[PDB]
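The chain that follows stands alone, in the form deposited in one PDB entry, written as structure tokens.
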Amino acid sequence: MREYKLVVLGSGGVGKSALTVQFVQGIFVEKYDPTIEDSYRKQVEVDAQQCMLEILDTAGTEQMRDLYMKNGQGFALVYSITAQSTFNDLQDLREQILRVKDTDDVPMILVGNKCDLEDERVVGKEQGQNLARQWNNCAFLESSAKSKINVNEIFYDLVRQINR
């Protein structure tokens, strides 16, 4: 059983905890409690093999961000399709990860969360795909923790990106 260390990053409010708790515990956290630092563990089957996932749910701001990057194997970059500022903050995070790993071959995925709030949408799906294209054909997904849409795929794809 191989162990995978995944880190969920993004600005506050985007749903980093909601996506993680939904995937690990099957519960939708309706409340809002700003996270200090949460670590979850979960055993999954990716490509017909048992994996052990240690998922690190991080804070929106504050700070030890460099420790997460040096130790993390895969990174989920999450924004809310509801807030434009959370989308713009992700470029600085992508460059910070490449700087610390000292490479561009880094398991990564761009996640646009809260796609169940299609009405209050500010960031478009094409603009998110355009960003992932710019990021060396990075993986891209629109997800919803409330509706359980594309939740399991976020962490399954990071596992395949580490196996390569």
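Take the two forms, superpose them, and find the largest set of C-alpha atoms that agree within 1.5 Å; that set is the rigid core. Residues carry their position along the shown sequence, with the first being 1.
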Inset, instruction - Would you please confirm whether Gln49 lacks atomic coordinates in a third or more of the other entries that were compared? - result: yes
Legend entry - Flanks modelled, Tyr32 absent in at least a third of other entries: no
Legend entry - Count class of coordinate-free deposited residues lying between the neighbours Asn137 and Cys138: none
Inset, instruction - Using the B-factors recorded in the PDB entry, average over the C-alpha atoms of 99 to 107 and of 48 to 56, then report which stretch comes out higher. - result: 99 to 107
Legend entry - Between the two ranges 34 to 42 and 112 to 120, the one averaging a larger CA B factor in the entry: 112 to 120
Legend entry - Ranked C-alpha temperature factor of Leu6 among modelled chain residues, by third: lowest
Inset, instruction - Within this chain's modelled residues, let me know which third the CA B factor of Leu90 belongs to: lowest, middle or highest. - result: middle
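A second form of this protein, the form deposited in another entry, is not displayed here; the remarks below concern that form.
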Legend entry - Of the candidates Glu120, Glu95, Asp116, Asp104, the only Cα that travels 2 Å or more between the shown form and the other one, given a rigid-core fit: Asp104
Inset, instruction - Could you check whether the CA atom of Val29 moves 2 Å or more between the shown form and the other one, using the rigid core for the fit? - result: yes
Legend entry - Outcome for the Cα pair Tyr32, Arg94 in that other deposited form, compared with this form (closer or farther; change of 3 Å or more): farther
Inset, instruction - Mind checking the CA-CA distance of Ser39 and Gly10 in that other deposited form? It differs by 3 Å or more from this form, so is it closer or farther? - result: farther
